[PDB]
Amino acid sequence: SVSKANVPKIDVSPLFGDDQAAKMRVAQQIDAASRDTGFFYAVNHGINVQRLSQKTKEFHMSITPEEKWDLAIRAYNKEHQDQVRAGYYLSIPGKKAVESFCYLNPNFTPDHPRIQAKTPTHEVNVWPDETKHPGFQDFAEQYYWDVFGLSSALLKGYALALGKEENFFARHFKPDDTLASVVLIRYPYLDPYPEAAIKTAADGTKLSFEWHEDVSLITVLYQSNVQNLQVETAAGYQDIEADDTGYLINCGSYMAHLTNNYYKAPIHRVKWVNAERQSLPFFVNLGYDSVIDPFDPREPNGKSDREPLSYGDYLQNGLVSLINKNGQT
């Protein structure tokens, strides 16, 4: 018998306003969720998720093998040595079902100083041909800034929840240098479904992606309406109900580090379900040099003995570790 996780729906609209007490009431709800299962749905967020889903589906269903090779990351195309993060992550017919397209900050151009310095984790996005995918790049870049704006507001909520001024996290989340990424993931319907793409957990559950903590400050996720996620609790895994009108929010391991595990990064996994669906995360990453001094909200003085960790070092190590543990996606 698998139980269902308590995942509250939080109206985040006050975080865009100037009613300070209303913002505190949202923060209290974020705090409560972050100390319980670690997940909540953000509702009344203002993002046109219908258009997001439609445009993503048009892209996934119309891109051809030729185009996928041309956009592929270095794991799938040895010619693209500069594409570790950004580009197309191919499926492998009969072996690997999932495929995805990842893009980074649109402001990362050949002229950007971090690109000119060849700083790790910064890359210039690759895009399909405008004539084959009209409006796709325009849509995707605007979506990046829309979800950036929602994420900025959420970070104000997290700061207030922890007793800090509302710009405590957001001041490090800047359009000019954020390492945040969008991933447009297609999980396909397949018949027969390749057995190599199904993992069996210790408890017998069939999975598409094994247990992990997120490499992020927070993760801001839109998924279509097919139940798939489970969160670990002390009493075992619990199902997270789907909601295709809201964003599912959780903390990543950078938040756990800087709060001395007061807000844990929830361990979660993806159940195998044979259904055509979309999983569209935005990983809220800071800048390469961003450092937040850790603190412990449990102590009156907030003192922590944990070392400050540069976000760039955290991200570089975290991305590689996730591939080594859970496989190349």
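Each residue number is its position in the shown sequence, starting from 1. Take the two forms, superpose them, and find the largest set of C-alpha atoms that agree within 1.5 Å; that set is the rigid core.
Farther on average from this form in 9 other deposited structures of this protein lies stretch 299-307, the comparison being between 299-307 and 283-291 by RMS Cα distance after core superposition. Per the PDB record, of the two stretches 145-153 and 111-119, 111-119 carries the greater mean B-factor over its C-alpha atoms. Mean C-alpha B-factor is higher over 79-87 than over the other stretch, the pair under comparison being 246-254 and 79-87. The PDB entry gives the largest Cα B-factor of the residues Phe139, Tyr158, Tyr187, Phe209 to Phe139. Taking the deposited Cα B-factors for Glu241, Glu166, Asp203, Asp214, the highest one is held by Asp203. Among the modelled residues of its chain, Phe40 has a C-alpha B-factor that falls in the lowest third, as given in the PDB entry.
Placement of the Cα temperature factor of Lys9 within the chain: middle third of the modelled residues, per the deposited record. For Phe59, the recorded CA temperature factor ranks within the highest third of the chain's modelled residues. Per the PDB record, residue ranking by Cα B-factor puts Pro300 in the highest third of the chain. For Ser53, the recorded CA B-factor ranks within the middle third of the chain. Only modelled residues enter the ranking.
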